[PDB]
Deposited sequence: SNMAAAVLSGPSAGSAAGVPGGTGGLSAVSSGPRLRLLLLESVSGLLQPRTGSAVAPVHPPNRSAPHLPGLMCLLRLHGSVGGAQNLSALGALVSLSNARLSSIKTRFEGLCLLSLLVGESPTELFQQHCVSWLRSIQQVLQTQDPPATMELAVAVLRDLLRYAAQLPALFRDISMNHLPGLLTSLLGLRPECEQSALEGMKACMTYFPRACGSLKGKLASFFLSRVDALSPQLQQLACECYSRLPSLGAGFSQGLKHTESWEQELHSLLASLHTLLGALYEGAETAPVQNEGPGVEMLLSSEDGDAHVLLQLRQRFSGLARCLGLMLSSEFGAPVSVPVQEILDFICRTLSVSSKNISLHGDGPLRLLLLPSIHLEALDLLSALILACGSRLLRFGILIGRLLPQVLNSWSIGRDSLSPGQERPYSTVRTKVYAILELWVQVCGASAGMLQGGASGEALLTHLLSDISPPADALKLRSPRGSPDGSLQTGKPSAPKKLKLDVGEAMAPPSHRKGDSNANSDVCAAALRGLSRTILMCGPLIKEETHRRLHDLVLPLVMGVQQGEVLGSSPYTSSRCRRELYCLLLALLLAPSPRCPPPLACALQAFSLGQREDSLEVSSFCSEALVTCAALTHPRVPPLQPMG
């Protein structure tokens, strides 16, 4: 047979350590395992020694994820026992990472088989959790990955060690390493789901809200050297945990305290640079302030994702929040606070995505006028050492927000705004066709062309869009050197042909 000869080919060559990952990739590409006892025996033999543990784990990676269901049912418990054995060998951390990576796939595939699921739940998962908890401090990331894998697919069997798992996750929630902190926050948010689940979720979320309120009061002392940094680390960890709880799948229906979360978000963004007393610890509070606001904005994004268009009755507050944050952080030279403004524009885009034409953005009022004024200034071109594509991240994000809003809410937006966009976008698209500018970036040019197409597709009923000038712009842009811009302009020209040659009277 074909795959049998290629399977036996690598058995004879492995019985080449640097070549092993490529050999496994090639075997997976051919689907040889999916279509085997010698490989299992060889992997078992290799795993029995430290000098060949990596080779055995490499073989096990292929044997686990590509096995037929019969072989997996036959060897799942043996593979689990081997992996648990490896975790107690005082092997180097990389070996632990490989073993945990194999165990993740093994547990995921074992959760799909009821008999294996029941057997591992009753007899094998507490031992795995104990082995992962009993790991050396330099393997704490692999322990977290293994705990997350066990928690995701065997949550009912993780309830006996819930206190130990919570203690393990809490201490690393304020980690200074972004990857370890993110993994610990991901693991902590899964606690209510293991072991009633709805009640546990609600109590945990309210506890997180109370802790976040307490932490913000200490950070904002006097406004609402080293202890402040740990305080902000704890605040960021807890806010990430809350946002993960909001935006992650839960097995039971829950009641979301929308008003409480929105109140916390508004409290966090209510303090600006103007209220901090710059005497003593004040400069540190001022330096840390944008990160706390970014944490609140991430919480807002998580809430929008969790609730969706159900958040429409809170739309007045949500839409007044964005120009407020843009007003707070406003000033080849890069303009400051571009990360906060980009986050605000991403939130605007997400809000229009979940609300569609009901978003109510850019439609009357001081909030809408301020948001439009902020959006127009971040997409305008500028009017030594530096970058030619300076201020292109905020330009692209603002362009995406404007284009999404116009495509969704364009007919309801007044014709004065449409003329304001026509008088600015049209000179811009043909101005980039014929030193430092955000539109030297092809991303910004493509987003500007997307905004032009959105203005064409959803105009005001009292304002005809400039179809001929836009057609000329799309014709010029389809001859661009950049494949992104040119291909987008070609598709936009197809859409404009649909706009120009009607099929209905």
property	result
Stretches with no C-alpha position, numbering per deposited sequence from 1	1-30, 46-63, 84-89, 250-256, 286-306, 414-420, 473-512, 564-567, 639-644
